[PDB]
Every structure is written in C-alpha cells, then in structure tokens.
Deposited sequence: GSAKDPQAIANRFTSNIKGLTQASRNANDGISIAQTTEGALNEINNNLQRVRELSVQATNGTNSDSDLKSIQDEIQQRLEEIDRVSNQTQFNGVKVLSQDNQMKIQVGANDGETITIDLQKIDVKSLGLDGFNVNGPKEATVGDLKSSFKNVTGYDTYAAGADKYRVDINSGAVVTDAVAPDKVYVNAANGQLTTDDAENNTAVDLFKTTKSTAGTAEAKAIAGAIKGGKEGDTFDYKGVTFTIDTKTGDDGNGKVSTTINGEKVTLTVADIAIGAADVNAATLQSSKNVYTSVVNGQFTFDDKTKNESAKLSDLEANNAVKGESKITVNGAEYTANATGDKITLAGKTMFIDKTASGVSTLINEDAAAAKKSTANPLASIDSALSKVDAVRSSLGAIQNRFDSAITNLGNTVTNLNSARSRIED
C-alpha cells in the first residue's frame, strides 16, 4: 500500500482542489455582484435582485462544503490533518492539510448588500418626500439656521427672525456664502421626515433620534422607512463587503496553494517508486 496510498492522497487532493475551485468561482461571482451593487446605478429593486443571487451563491458554497467527499471523507468539513503513508518502510508520511471551509468559517454568515444602511441627510432627501428642516451655523455668540432647499438664513431663535447682508436689520437677503464669509461654524442639522424631527451632525454623516443612530431600511418596491441601530443590527448591510469576500478568497486560495505543493509531493513519491523518467517531448 505504498503507491496505493499515495494515489489516494492524490485523489483526495484533486477532490478538494475541484471543490475549492467551485467555491472560488462562486466567491468571485459574489464579489462582482457586490462591485455592481456598489458602483452601478442601482434601484432598490436591483439591490434585492443582486442579494437574491448572492444568497444562492453562498448556499452553493455550503452545499459544496457539505457534499464533497472521497471515500467517506468530507474534505471541506473539518480541520483534519490526513497522514498518507507514501513509503513501504514505515517512515514516509505526507500530510494533507484539510480545512473546514464553509460560509460560516469564511466569515460570510449574513453577508449582504441590500440591508439597511446608516442614514445620511443626502440619503434622506434622496429617498423621502417632504424632507424639511435646516442646518445650523454660529458666528461666535450669534446663531443661525439655514433652510435646506430654499437656502434662506434665519436667526436660531424660539420665534426666528430674518437675517440680511450679518444683520437682523431689514440690504440684500442673507445666504450661506455670507455665513462662511463670517467664518461661521456648521453645527447640527434639524431634519423633519414624515413629521419627525431628526438631528444630524455637521457633516450629514450621522443622524440621531434621542441619541439613537438612524438607518434607512429599503424594500424592493421602492418604499423606504427609518429605524434605529438596535433594530438594524441583525440585518444591516455588510461593512466592507469587498474585504469580506477577499478574506474568504485568500483563505480558499491558501488551501489551494498548499494542495498544489502536496500534489507535487505525491507525484514525486510515485515517480520515485516507479523509477519513472519523464521524456523531453512529454515534458513539452
């Protein structure tokens, strides 16, 4: 059982290699889908279609991981160091380094591209009708509001007063270019969506309701709605999707490389027993 086991060592290595390639192609397709989700112009309906295809490809990965076997051995199901005895005299073992490779172990559980995202002000006006409110500004002690859409500048008061070119005194109407001329500092925005005042940081980056970070949930059929961090938690779309797939990709690639080195090892062990020469032509 010297060249017999080495031959089995080869078959195991080929079975795993083929399965890894199926998985690698699925991951690379998932990657390209994700690149399309990010860089394409994509309706709400498009992102759902993309995710439906991603889910199916992730599911194809788990199936490959669960079904691929050679002689009882599920080559992608468990970290397993298979010792194959390659030499008659009992010292020659070559170890196949098998690794658990599935959706969970690749870090792709819940990987998605259509889930709720942190809300931006841009995203508020881009997905909701009747988005109203104002940015705030401050030139020292004096406090200003600037209405989004109209660009009118008013005093940041209880009952607010018109500002003119900076003076409240009746002189053309004040606008944002006069505010930055006064070295004014953009503060927090106040934005009402569907009749609820939300607060936004200077940069439109983060949006809060009583201190809770807000997410925009998107349905396939175009309608969007706002929800908190806690309710978004389990379903939010994946941060750094490309990095997640690339991580999975290099994990799959490292097993693939190793297999290549182990097959070369087996090939040599077989040629060493047979005393086999490759021929100049056969080498070409």
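Q: Since the structure holds only modelled residues, which stretches of the deposited sequence does it leave out?
A: Unobserved in coordinates, per deposited numbering: 1 to 21, 187 to 192, 198 to 306, 421 to 425.
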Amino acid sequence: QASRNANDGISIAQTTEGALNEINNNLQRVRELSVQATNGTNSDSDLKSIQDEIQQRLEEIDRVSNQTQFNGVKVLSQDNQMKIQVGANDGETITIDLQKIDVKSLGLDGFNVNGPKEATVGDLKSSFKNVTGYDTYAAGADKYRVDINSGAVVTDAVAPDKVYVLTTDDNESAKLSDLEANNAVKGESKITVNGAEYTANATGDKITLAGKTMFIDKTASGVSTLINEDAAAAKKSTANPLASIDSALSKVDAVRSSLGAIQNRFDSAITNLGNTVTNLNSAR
From here on, numbers count along this sequence of modelled residues.
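Q: In the PDB record, does 215 to 223 or 255 to 263 carry the higher mean Cα temperature factor?
A: Result of the comparison: 215 to 223.
Q: With reference to the PDB entry, specify whether the mean Cα temperature factor is higher for 72 to 80 or for 140 to 148.
A: Higher mean C-alpha B-factor: 140 to 148.
Q: Can you tell me which of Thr120, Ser126, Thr95, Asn112 has the maximum CA B-factor listed in the PDB entry?
A: That would be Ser126.
Q: Please rank the C-alpha B-factors of the chain's modelled residues and tell me whether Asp169 sits in the lowest, middle or highest third.
A: Its C-alpha B-factor, which the entry lists for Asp169, ranks in the highest third among residues of this chain.
Q: Would you please rank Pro160 by its C-alpha temperature factor against the other modelled residues of its chain and give the third it falls in: lowest, middle or highest?
A: Its C-alpha B-factor, which the entry lists for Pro160, ranks in the highest third among residues of this chain.
Q: When the deposited Cα B-factors of this chain's modelled residues are ordered and cut into thirds, is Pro116 in the lowest, the middle or the highest one?
A: Middle third, going by the recorded CA B-factors of the chain.
Q: Comparing against every modelled residue in the chain, figure out the third that the C-alpha B-factor of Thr203 lands in (lowest, middle or highest).
A: Answer is highest: the recorded C-alpha B-factor places it there.
Q: Ranking every modelled residue in this chain by its Cα temperature factor as given in the entry, which third contains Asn182?
A: Answer is highest: the recorded C-alpha B-factor places it there.
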